[PDB]
Amino acid sequence: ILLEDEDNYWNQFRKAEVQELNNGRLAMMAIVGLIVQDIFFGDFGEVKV
Amino acid sequence: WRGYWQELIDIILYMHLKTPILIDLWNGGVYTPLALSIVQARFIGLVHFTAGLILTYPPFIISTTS
Amino acid sequence: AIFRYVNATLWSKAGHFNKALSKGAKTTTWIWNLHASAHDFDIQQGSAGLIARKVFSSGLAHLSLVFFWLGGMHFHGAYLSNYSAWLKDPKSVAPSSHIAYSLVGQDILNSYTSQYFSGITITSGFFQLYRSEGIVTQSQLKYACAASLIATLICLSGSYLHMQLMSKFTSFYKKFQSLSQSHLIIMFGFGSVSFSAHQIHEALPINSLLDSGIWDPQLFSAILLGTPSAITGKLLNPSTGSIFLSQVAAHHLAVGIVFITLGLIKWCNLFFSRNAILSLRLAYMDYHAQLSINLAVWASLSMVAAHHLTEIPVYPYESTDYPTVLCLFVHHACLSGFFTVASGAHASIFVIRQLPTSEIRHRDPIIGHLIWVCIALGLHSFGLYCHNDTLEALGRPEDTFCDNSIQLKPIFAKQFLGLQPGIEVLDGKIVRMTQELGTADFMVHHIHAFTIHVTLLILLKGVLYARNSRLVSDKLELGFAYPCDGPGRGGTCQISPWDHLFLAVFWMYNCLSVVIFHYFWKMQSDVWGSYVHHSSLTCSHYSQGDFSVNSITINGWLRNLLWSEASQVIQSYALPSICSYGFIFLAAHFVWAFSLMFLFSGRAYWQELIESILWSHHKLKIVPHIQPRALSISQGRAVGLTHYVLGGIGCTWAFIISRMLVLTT
Amino acid sequence: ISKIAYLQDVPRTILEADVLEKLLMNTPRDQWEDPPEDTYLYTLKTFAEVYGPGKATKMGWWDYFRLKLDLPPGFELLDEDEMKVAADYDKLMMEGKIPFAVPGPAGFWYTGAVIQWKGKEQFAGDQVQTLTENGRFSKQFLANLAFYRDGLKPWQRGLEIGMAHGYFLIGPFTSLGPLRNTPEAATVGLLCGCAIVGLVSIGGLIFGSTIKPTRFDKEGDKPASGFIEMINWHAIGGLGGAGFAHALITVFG
Amino acid sequence: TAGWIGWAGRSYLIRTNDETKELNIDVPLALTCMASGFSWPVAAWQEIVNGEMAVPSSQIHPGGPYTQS
Amino acid sequence: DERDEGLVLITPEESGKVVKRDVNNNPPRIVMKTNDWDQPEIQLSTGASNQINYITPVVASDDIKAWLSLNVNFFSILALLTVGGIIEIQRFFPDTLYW
Amino acid sequence: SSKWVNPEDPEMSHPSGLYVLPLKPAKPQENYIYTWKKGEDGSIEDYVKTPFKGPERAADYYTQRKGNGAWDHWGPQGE
Amino acid sequence: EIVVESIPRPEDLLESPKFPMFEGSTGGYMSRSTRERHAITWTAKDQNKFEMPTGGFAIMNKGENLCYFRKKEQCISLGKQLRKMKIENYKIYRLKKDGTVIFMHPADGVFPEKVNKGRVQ
Ligand SMILES: CC1=C(/C=C/C(C)=C/C=C/C(C)=C/C=C/C=C(C)/C=C/C=C(C)/C=C/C2=C(C)CCCC2(C)C)C(C)(C)CCC1
Ligand SMILES: CC1=C(/C=C/C(C)=C/C=C/C(C)=C/C=C/C=C(C)/C=C/C=C(C)/C=C/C2=C(C)CCCC2(C)C)C(C)(C)CCC1
Ligand SMILES: CC1=C(C/C=C(\C)CCC[C@H](C)CCC[C@H](C)CCCC(C)C)C(=O)c2ccccc2C1=O
């Protein structure tokens, strides 16, 4: 049902896709770093909500 | 009164006819749901009113006189 | 600008504004229509410029009315009040700026408030408001009254002038960017900064002296002097039981700075996502759209005010003034409900008069899912109560939903204040105490959600199906306020957005009544009361903590809340203080019952009865040429709704206020 | 444009050149000739016909103040980009395409996607496209449900559906029934679940006897025979699934 | 007092005989009728006796039709 | 209309063409029809003017008397007087001791 | 001037109250249902109108309806 | 003398130049559960924005336009709106399940409000 090749201004699906990919890449690096740091120094990136 | 409830029934019927499994079995053609007519609803509300009013007293009289 | 066209000639025409009323007074329906359409400036004779003129001038006239009411409040406080006795000793003396005459034995209404004063105990918190503002003298109150009266006169003059200053070219009311910027930067930002200045310069010294016990004129005529490093709200004034007024002043300064910053970033265009709202910006440049949005905003703010005025104490001694806090909460909750249903109404009017937004094109799924969620919420939430009732009656408490039995723990209801253990007390009363949530709170909160969702369902259905529906496709042609489309198609009663509001008001009233009862009972049982002696206190609550044990059943609500706590109002006749409250209880019951007349009956019976009655008048030559008519269908609905809501609200008002007054005195 | 008399050499005091350009751009072209009464362009026309070169070159302070009050400033009118965005939005909606959004807290977010709102039948409200029902995943899932799966006999459909239904149905009575604390809680819950399966299967038999759906029927077969077979096998599968769940509960505590 | 009120009123209605006067009261005439209503007992008995009080039922609408025409 | 007597009231077509001063020495004023019943006409100034522009409304005793003759004011005044009379009777002779 | 002829009572007008006889199609539409059509290459359509041999619901109530009129009371001219 | 238009079944006419440009909504006829239809066909000199009786708005093509609805009431309301716009050539047809087309609204080619010869009470 999606129309990716629509020449309207309200067609920022490329923006949505790139946002997804960039956030996912950052989250990959972040989760690997969190796990490695927890395993090494017992630091799990404690949050102070 | 009836118009509000007829429109609500129309929306509910739309939901039933859009449901995946239910649509393929139930068309809605036979006994198509409808809101109660004006006189039917007058009578039903009167029956509820009368039943509540009459039947809420005997408990009170029994409790007080027993 | 031309004031020669304002003459009293039109005063006696009585219907000039509406063209449909040209054939003056052929029936009483004409009178009723005159009143109904008096303030519907859109459908009145004239032009859009005249509509804007009337809207703005009426807003200013209402502003003057509110200023007059505030000035009257100040005058009553100054001259017809025991504010002096209350200020010196708030606990002993109940607030009272209200005195009744001795006409027919009516002096019995006045009750003992002080040694030298007898009157009616007020519950508006005006004494606490004055104390917070630093008003401690009759001269100060008198000058506040004078300022309010001067503001009333100024607003009246402004309305009268603007009725002619604004011409057909006038467009300042369409400058939404300018309007919003001015309101955000000056009315809100500068206003908050100026009030923080007022607090710091006047209220802080006076309030500090009052807390100490100093009442010296020279002193009455060094910020953060007494406030420790404790977070605001985590430490209440030990001698007043309220947040430090210096903390309040700092709050207002910060809020004003934040508002100014928001306005300045908007001015600089720092906000970027204009497109996401551009559709609404284009669609909702309408009187009714803005009225609906503002009504909803103020309804939500009123509800937040109702919650915060009690949960977060900021006025001196209002925490221990139990009638005041209760009345404030209840009043603002009721206003929230009324303004929310108003927002629904004017959303419907905007849809009728203007093009709706595109979310109306999939209205069937929206209302269908709302119907389902309403049904499921009502079923589960109320059927838990019904299950508790049935099982407890059968004699199986172990099968009911309660803390001792099956328990529905509110896991998500988590603390955020991080307060220290214990409670805060002030002179034999519990100013602040944590509310402990359990199965009863879970059930009552889901009842709240159910009622809110059903009211929203009615309002949203009225809004979305205003233009047309499967039943009738020309509802737009029918308009906004029509009784029906006919007995056809099964019957098209109450298909109009007006009738959708007429039902949403019933549902809002039901929701707010349940909310009021929940707040009242929970506060009486688990928060308010006295204490009996590191020290540990046993807290004796007014309702004796019966909410958590009895609120789990509808019978418990009927017995421990209505019947048990109606002892004060029901037995108030002999007592001088609350005999008026008992009488108002009775009269509100009468009015509520009388509303059912109009809510159940129909136009035709009354029209035929009126004709039969008029036969005798004609026989005796009493011929009324304004021919009597039965009230229209919509008017009958409106009258029934008004009387119903007024009677219910009056019963609740008298009941709660009598209980609180007797318990606290 | 040059053909408009009142728009020629409008004095800067009455309205700035940039603001005039913005106002003309915002206003529809056809309205320039004789704008409607309640418009900034109408006010500008009315006052430029009376003031300017060759006409009244002075105005009272109050009259000028009111004129500047009721004429528009530059920031009040829409920009080129804003007008383009609004035009694109309206064009999309009229073409039958919806810039996808999901409601959020007291609002809705735009996901940046353009979907085809109108279905194959343009006038059919049943066919409006949505990811929930008309997406590839939803289509495949619903088509692969037992009620719909290809190459399945009615007995297979009913057996699978009943297995699922009974297996999950026994549990509520087992855990929250009156005898939930008694040693026979599991068996009583199994009995209640089997009763529920029987009741729903009886209802399905009534449905197939009254409405008689014929989508599962073989060619040259009695109407609703396939549906009745499916319902009977749903009853069988419900019994089996309830028994299996009860056996698992009993064996594994 | 009640007969005074009723008489006054009926007298205003008879004298005016107009919806416009019913809406915009002719205050002079209204006050005149209010003052005049003090002799209502004698005036009413005299009108009843002389036939100026009640009109025959054939001069007024009887009600809905209960039969075929 | 006596208010604008002696004023030079030019139509919008004659704006700037007529520059004759008024009786009060003010410049001519442009008159425009607005098609508003409340303000049928509006006047703009061609320059600084020294003229009387009353902001007070034109109210006639006849209009006030008609407004009070409106049935609402008549009956509200009647009812207010009646209620005041009953209240004062209750004040002066409480409890109906005479009866 | 109405071409429709009342079947029950020739003197009276047709219950339909129309003046132009109906137009039959070249080939009458056959019974169909909206279902999925797996594309054989991994694709799938949602609302595909596919032929259905008989009535979708063989209830007497459903099958008795012919659509000629409100009560199927229009004469042969209705078809 | 009156000629009944072909008016193909909506399920057959998936895309046509006649259909006006309209937004679409859930207020359209339920294709799964109903088969009877009503078609309204008119001719417009210009593209006038008009409101569909089923939900949102629409734009009528310059030339011939055709719309499908479920009820004669919807068709007649749209026809009244077109008459307000001074489009007097619109016709309404009822489409049976099998494709039979019955010319309905201008039953004899003259609008009912206008008196016509050959009409009997
Ligand atoms: C697909 C399927 C299915 C299906 C189902 C169904 C489809 C169902 C339905 C069902 C039904 C369909 C049911 C029914 C029911 C019924 C009822 C519930 C009834 C009631 C009744 C009443 C209530 C009545 C009454 C009466 C009487 C008896 C007499 C007279 C009077 C009166 C009217 C009152 C199942 C799940 C199985 C499984 C899977 C597969
Ligand atoms: C959405 C969601 C979800 C859902 C889920 C579900 C809904 C599930 C279901 C589940 C189920 C519902 C399951 C079931 C299963 C079943 C089974 C596993 C069965 C079995 C059976 C058997 C095995 C049987 C057998 C038999 C028979 C049939 C007969 C004869 C006898 C015997 C025994 C042989 C969740 C939560 C995840 C979360 C996320 C989201
Ligand atoms: C009673 C009733 C009537 C008849 C009621 C009428 C005509 C109202 C009478 C109006 C009077 C004349 C207004 C004057 C106000 C009261 C007489 C004030 C009494 C105050 C007391 C304190 C004395 C309807 O016409 C009607 C129409 C549609 C739905 C329901 C109903 C309905 O319930």
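Order of the sequence lines sets the chain letters (A, B, ...), proteins ahead of strands, with each chain counted from 1.
- At a threshold of 4.5 Å between non-hydrogen side-chain atoms, the residues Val4(H) and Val20(G) count as touching.
- Few gaps surround NZ on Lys53(G); more than 12 heavy atoms of other groups in view lie less than 6.0 Å from it.
- Heavy atoms of other residues, nucleotides or ligands lying less than 6.0 angstrom from NZ of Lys38(G) number more than 12.
- Ranking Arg35(H), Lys117(H), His105(H) against chain G, the residue ahead of the rest is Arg35(H), based on heavy-atom pairs under 4.5 Å.
- Residues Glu11(H) and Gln29(G) form a side-chain contact, since some pair of their non-hydrogen atoms from C-beta on lies under 4.5 Å apart.
- Within a 6.0 Å sphere centred on CD of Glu15(H), other residues, nucleotides and ligands contribute 12 heavy atoms or fewer.
- No part of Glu36(H) comes within reach of chain G, as not one of its non-hydrogen atoms sits under 4.5 angstrom from that chain.
- Within a 6.0 Å sphere centred on NZ of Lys49(H), other residues, nucleotides and ligands contribute more than 12 heavy atoms.
- Within the model, atoms OG of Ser13(G) and CZ of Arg119(H) stand 12.5 Å from one another, a figure rounded to the nearest 0.5 Å.
- Atoms CZ and NZ, from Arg32(H) and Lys49(G) in turn, are 15.0 Å apart once rounded to the nearest 0.5 Å.
- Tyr32(G) touches chain H through backbone and side chain together, each having a heavy atom under 4.5 Å away.
- Remark: the backbone N or O of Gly67(G) is paired with a side-chain donor or acceptor of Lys96(H) at under 3.5 angstrom.
- Across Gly17(G), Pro25(G), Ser2(G), the residue that shares the most heavy-atom pairs under 4.5 angstrom with chain H is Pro25(G).
- Side chains of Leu23(G) and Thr100(H) form no contact here, defined as non-hydrogen atoms less than 4.5 Å apart.
- Environment of CD in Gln121(H): sparse, with no more than 12 heavy atoms of neighbouring residues, nucleotides or ligands closer than 6.0 Å.
- If you take CD on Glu30(G) and CG on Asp98(H), they are separated by 12.0 Å, rounding to the nearest 0.5 Å.
- Rounding to the nearest 0.5 angstrom, the gap separating the CG atom in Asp12(H) from the NZ atom in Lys27(G) is 6.0 Å.
- Note that OG of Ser16(G) and CD1 of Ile102(H) are 9.0 Å apart. Values are rounded to the nearest 0.5 Å.
- To the nearest 0.5 angstrom, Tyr34(G) atom OH is 10.5 Å from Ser33(H) atom OG.
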